[PDB]
Amino acid sequence: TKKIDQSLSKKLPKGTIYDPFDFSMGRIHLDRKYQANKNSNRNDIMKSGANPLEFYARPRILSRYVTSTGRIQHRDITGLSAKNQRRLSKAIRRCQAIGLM
Amino acid sequence: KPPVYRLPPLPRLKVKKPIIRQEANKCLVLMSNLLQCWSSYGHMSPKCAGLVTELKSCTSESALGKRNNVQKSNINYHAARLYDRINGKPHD
Amino acid sequence: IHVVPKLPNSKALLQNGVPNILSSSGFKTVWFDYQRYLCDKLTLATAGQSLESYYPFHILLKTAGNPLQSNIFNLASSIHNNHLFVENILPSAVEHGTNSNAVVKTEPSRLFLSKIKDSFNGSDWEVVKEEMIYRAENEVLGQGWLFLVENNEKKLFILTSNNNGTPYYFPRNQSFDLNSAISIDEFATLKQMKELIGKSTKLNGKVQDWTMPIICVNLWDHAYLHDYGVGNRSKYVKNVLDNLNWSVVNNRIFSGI
Amino acid sequence: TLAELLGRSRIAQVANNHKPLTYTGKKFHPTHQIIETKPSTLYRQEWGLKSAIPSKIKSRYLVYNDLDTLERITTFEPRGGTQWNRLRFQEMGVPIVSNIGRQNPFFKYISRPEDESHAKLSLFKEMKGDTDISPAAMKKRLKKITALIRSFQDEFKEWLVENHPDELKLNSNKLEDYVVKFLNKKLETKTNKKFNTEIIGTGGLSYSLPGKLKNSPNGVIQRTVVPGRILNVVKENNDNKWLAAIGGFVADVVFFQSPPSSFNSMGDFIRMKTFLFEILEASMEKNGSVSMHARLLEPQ
Amino acid sequence: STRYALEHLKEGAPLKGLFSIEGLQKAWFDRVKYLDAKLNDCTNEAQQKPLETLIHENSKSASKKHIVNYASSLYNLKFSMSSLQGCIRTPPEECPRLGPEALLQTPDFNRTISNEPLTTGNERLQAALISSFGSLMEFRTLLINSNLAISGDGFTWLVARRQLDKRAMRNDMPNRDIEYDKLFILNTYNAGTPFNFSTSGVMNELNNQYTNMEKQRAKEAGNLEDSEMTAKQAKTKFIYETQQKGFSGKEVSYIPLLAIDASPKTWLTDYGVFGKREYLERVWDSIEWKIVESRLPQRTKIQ
Amino acid sequence: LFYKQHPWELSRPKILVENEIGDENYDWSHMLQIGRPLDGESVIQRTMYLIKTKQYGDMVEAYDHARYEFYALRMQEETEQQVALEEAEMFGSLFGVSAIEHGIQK
């Protein structure tokens, strides 16, 4: 067979430097273990400094912090500060009461 | 910012059932493929000849092959050895 | 920091040079100036690295196989070679500064003259000196070194190097000048050497060479120009080989006692 | 004093670094200072750090973050492999060239205001170059600056009525120009980001000047041939070039016309084989990466 | 031998600012006399053919190497002293001799410049140097450093690649064939020549003789080739060829424009063991850029 | 600042093991010193000497002046190594494994 699963091969980006270890399975496993959604902050409005309570009439943004059934995600999952989690949950509950979410 | 959770002082640091990787038996997988080969191309089909030949060699002397079927975890040995050093406990 | 070694009877060397070879000015150029020049450059190249704690001979061996450390290798090889040359042309290795000794009559030992006959098909020492002078004039167009070396087979033979070529490690002898044209026989020697270096299994691609120098003559312009001049390097090599310190050269031949 | 000595100590010379020792993102340049110990000191676990490095370590190179921690260990990784990437680049003898034809950053050139005609582009870059700034510290750039700029109102309420009164009575199209120049002229004396942290040129990867030819026993070398590896068996998606792994760098390989048949044959194991490449050019991007372009020299 | 004489080099007179009287004797007069004698003691045609003819006629032969080593050593030395005029700097014999402290001085070749070609009217040479090296500070640094690096005998050349890699009717039109694509710096060692047309391929040619001779001895032995001797010799030959090819074809030649001598013979007498960089600084301030601009071919404006 | 501007200077190994701090007799009028490598610290100490001697007033100006001295020394060393390798190969020096080859094998 001339095919390998993507999970068993690492694609080295262009312009990056590499070591021989980057072709091993240890690199594959190490990349899975340390795979965190750290790029969310730059794409996370609520981790930017905006007040989540100003989005109570924008269900599309709020729908990014609820599960498929509408259950607000725990702070352990959203990664927000206590204040933003508190404000975001209020926004979602207000949005639900208005008839938008 | 990622919340660090610090444990209280503990009587021990131990994993109840340390996970171990049990590599799959080579003879059992050979048998699982041959059985599948017969399911599609038919029993005794000439397409599964190589599978039959390989299975016979794998199982010729031992039905599960000559393998080092022994693997144990050492996490509990190291955890008990290093806990007092790394727990960050205040001085006496 | 690599410092210039102190030489025996240095006050005499700074006043009357080396009798019959170099004058006071000629010796200041070859040793007191050039050796300082080399050691300072070596210190600048190696300071802050692991090589700073190693003697020049060990540095050249450690770096002999590393292409991008050739600059360090050249400096280490030149420093080691220059003190090999200055040591066997020196009036007396012992420091007769307070003994005012003026009688140092050193002559080839029996073991040296026995190995010369064995390795040169019965040729005498005088004839071998003529071959050494000839080899230097026809094989070293510019800077380099002339060596009489001994190999693992107890045979003395003549090796010439271009610029800073070590006698110890044949891959870096630099005995063939590839700027000019080479014969098929010389290309065969180079091709055979390349094959030997490829048979080594070490990850550093290094081979074993047990060749050791016995006599060293500096063929650089820093040693002869001021006293002999352009074109008179064969008169310089003749004087060096006729006024060698044989207490040092004899001690370089392994006896086994 | 002891404080003076400490500031100049070899440990002080290493700049503070808390960057992850285990980083799984894109690496474009070294992030940690390589520490080396001599063989004699390694035999005694001496690295010039606070504590002895565990004897298990056989490498002579490491990178560290903290001398000591609350876990009573040193935070270090026994690797020094970014040095071999730099030395392999040196062996390829390809000078780094500017794709924009900018002045050489390593030479003290006499520059002029040719690019200074964008005073309003960069004077406001100080407040507009805030891509990743706090929502309130960036807002402190609005009141703190407003007061500073508002303190020059009297100076600009007299200079403008003494040097360009016509514009004040005709149009503000030129007044805005006199404003941008005024602040910059009164800011060049000031020190706003007087130290620039941007990478300077190659960043230290290469100090080789373009122009020199490589003499060889077989004549002057006209094309640099370097062994490499093809990573993918299908060109980069959306790009007309494949990717190769040459000397610790990932390059874009352009093929003469066709792709060798070993590609289809090998498939996803193509990286298992070594090919010969020619390094066309090497460029440096602002992210601090090296843009190496290669060519799959195939036996012909 | 007036055949090897320059009008600015007069016995008894010093090249002011670079060589003293004793330093110009040893460097040039006492040196040409030796090289001439050796060239007259190897070939009887020395006083018959031009030096460059001997260099390009007796090349690639191991039996005539001594004719070409002395011939190309005297050519390089003349071509080096030809572009030198002198400087207003203090005479070398009146300045103190640089000592070990010189090795610790920082070179200022990236901050300042002096004696640029354009300042003397050679405007076409300055544009070419800026185009190929980026600037005249880059060129000066890359030229003084390349010569300073040379340990023993050698020359640092300013060359111009000839854009006539076609090989068809080559060397038939003294203008259509004299066209330069780009300028470069090249180092030659001992008696090496900067042309590269009469010596490129030498190792590849000798390598192919060795393999054929070994292959014919193997046939006598009766061997079944080898698993990787046909794939290793092939790779060695494929790399030898791909590294000597030109942009279009494999005829890459170079036109000497300038040459700086690195041999200690030139600078050891006047500047001492520690004064090579001082020598190279005064050499740069002693280059007559008119002679160099004269040698410069006409640009190949294919662009 | 220096290592943020020159990330690849980090790849040059540094030895933290001291020899004898009391022996350091350095004249920072020049950047090169006998006994220590040329590295980022050479730039920092040169910058401090300039500000201490009051040749320059602003730290930035002294730092830039030192940086250019550092570039000049780095360019002379990059050429000495390239040329030394080239010159050795021209006299028949042979090398088993190059850095590029070492990486391929690993």
Side-chain angles (χ1 to χ4, degrees), chain A residues 17 19, chain C residues 42-53 63 66-72, chain D residues 10-17 19 27-38 47-49 59-64 76-92 96 106 199-208 247-249 284 288 290, chain F residues 1-18 31-33 35-46 66-67 69-82 84 99 102-103:
Chain A
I17 64 184
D19 294 1
Chain C
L42 178 65
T43 306
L44 295 170
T46 63
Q49 303 178 6
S50 59
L51 294 175
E52 77 185 342
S53 67
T63 64
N66 197 318
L68 283 179
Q69 277 178 324
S70 296
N71 178 46
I72 300 165
Chain D
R10 291 198 196 189
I11 283 166
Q13 298 171 25
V14 183
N16 289 337
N17 190 3
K19 292 168 185 177
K27 194 181 188 179
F28 297 121
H29 53 78
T31 62
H32 292 77
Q33 170 67 60
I34 296 168
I35 307 304
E36 173 178 40
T37 183
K38 304 186 186 159
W47 292 72
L49 297 173
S59 175
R60 288 190 315 105
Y61 307 107
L62 66 74
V63 291
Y64 75 101
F76 75 91
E77 291 289 357
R79 305 185 288 278
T82 61
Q83 74 185 302
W84 313 127
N85 287 1
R86 176 181 51 86
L87 291 171
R88 277 160 199 164
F89 193 86
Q90 189 181 350
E91 284 199 350
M92 291 186 289
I96 285 283
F106 297 148
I199 296 163
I200 298 172
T202 69
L205 179 57
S206 180
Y207 297 88
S208 73
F249 299 87
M284 198 93 183
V290 177
Chain F
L1 177 67
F2 180 89
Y3 289 104
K4 253 178 288 179
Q5 294 179 352
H6 316 89
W8 286 93
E9 288 293 319
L10 297 171
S11 71
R12 299 184 173 257
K14 162 186 284 292
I15 293 176
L16 301 185
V17 176
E18 299 272 9
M31 183 157 297
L32 290 186
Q33 316 284 336
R36 47 167 290 98
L38 177 72
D39 60 17
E41 189 58 18
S42 307
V43 174
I44 306 306
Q45 292 303 302
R46 180 66 177 145
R67 275 201 294 96
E69 293 186 11
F70 173 81
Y71 300 145
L73 297 170
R74 271 281 191 269
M75 286 182 293
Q76 177 173 353
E77 293 292 355
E78 172 67 353
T79 290
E80 282 170 1
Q81 293 167 21
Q82 194 270 339
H102 181 118

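Every chain is numbered from 1 and lettered A, B, ... according to where its sequence line falls, protein lines coming before strand lines. Note that these values count all heavy atoms, side chains included, but never hydrogens, waters or copies made by symmetry.
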Restricting to salt bridge (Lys or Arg N to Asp or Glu O under 4.0 Å), what partner residues turn up for [X], sequence neighbours left out?
{"X": "F/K14", "result": "F/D39"}
{"X": "C/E52", "result": "D/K38"}
{"X": "F/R46", "result": "F/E69"}

Donor-acceptor pair, side chain of [X] and main chain of [Y], under 3.5 angstrom:
{"X": "F/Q81", "Y": "F/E78", "answer": "no"}
{"X": "D/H32", "Y": "D/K19", "answer": "yes"}
{"X": "F/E41", "Y": "D/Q13", "answer": "no"}
{"X": "D/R88", "Y": "F/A99", "answer": "yes"}
{"X": "F/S42", "Y": "F/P37", "answer": "yes"}

Identify, with sequence neighbours excluded, every residue that meets side-chain contact (heavy atoms from CB on, under 4.5 Å) alongside D/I11.
D/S9, D/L67
Considering residues at least two apart in sequence or located in another chain, which fulfil the ring pair (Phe, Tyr, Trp, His ring centres under 6.0 Å) criterion with [X]?
{"X": "D/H29", "value": "none"}
{"X": "F/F2", "value": "F/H6, F/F70"}
{"X": "D/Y61", "value": "D/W84"}

How would you list, by chain and number, every residue that makes a side-chain hydrogen bond (donor to acceptor under 3.5 Å, both in side chains) with [X], sequence neighbours excluded?
{"X": "C/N66", "answer": "C/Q69"}
{"X": "D/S208", "answer": "D/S206"}
{"X": "F/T79", "answer": "none"}
{"X": "D/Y207", "answer": "F/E9"}

Would you say D/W47 and F/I15 make side-chain contact, with heavy atoms under 4.5 Å?
no
